[PDB]
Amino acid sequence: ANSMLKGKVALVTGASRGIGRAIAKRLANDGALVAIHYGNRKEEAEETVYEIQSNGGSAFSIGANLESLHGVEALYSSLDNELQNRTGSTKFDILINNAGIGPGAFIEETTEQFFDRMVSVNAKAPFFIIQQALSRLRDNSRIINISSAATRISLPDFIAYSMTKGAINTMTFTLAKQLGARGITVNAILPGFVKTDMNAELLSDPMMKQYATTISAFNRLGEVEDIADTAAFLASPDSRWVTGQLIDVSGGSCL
């Protein structure tokens, strides 16, 4: 545990498991008060909180289903209540847009319903979460969006997913120019394959694993800690001169 982020308040969406959980634990380890958002798995969120507290950090869990904007509004209603109680204001410093879905389909298999849901959760929700954060973020804050190396490496069997993450990349680079006036940086992290349960079944196939492992310059799968450790830098004061950037965190996958 250290004090790099002492005095700072972070919201991490989708922090009940996987990458978001790792990110949340790393930020709390560095001294931040962390809001652990969950979509519906409350007890997993509570576990993330428990782990943070066990290691001397401060965190709390709040739910919101982000599949509609009424969910975004709910996120901020709860965040406001908890932060007001704990800190005397509804202000915060670090926003991690991590929550997302990623089911596969080729273009010929993609239905309207599937497409619309991918957009609602992965592109629309982060945009509206940022929109509502603007009144709450302090100057010199940090916005980090979790994208995907699928925006750099062609995966036609995930085409709708890739498109939503392409929208996130353009959103990042575009907003960075406006929000730099307030000192707020906006960056994206593009993970490669990372052992989590968005891909537990996909990676269960040994062919798929071999492909996933060997594409990295380091000949291993990524771990949640690999992503969290880069997010910690982007969340910190040290990264003040890096904005609008799409940082690959794939272990040099497909160089």
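A residue's number is simply how far along the shown sequence it sits, counting from 1.
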{"query": "Which of 71-79 and 115-123 has higher mean CA B factor, as the PDB entry lists it", "finding": "71-79"}
{"query": "Greater mean Cα temperature factor according to the PDB record, 16-24 or 236-244", "finding": "236-244"}
{"query": "Selection by C-alpha B-factor (highest) of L190, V194, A228, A35", "finding": "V194"}
{"query": "Peak C-alpha temperature factor (PDB record), options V186, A45, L66, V224", "finding": "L66"}
{"query": "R142 CA temperature factor, ranked by third within the chain", "finding": "lowest"}
{"query": "Third of chain Cα B-factors occupied by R86", "finding": "highest"}
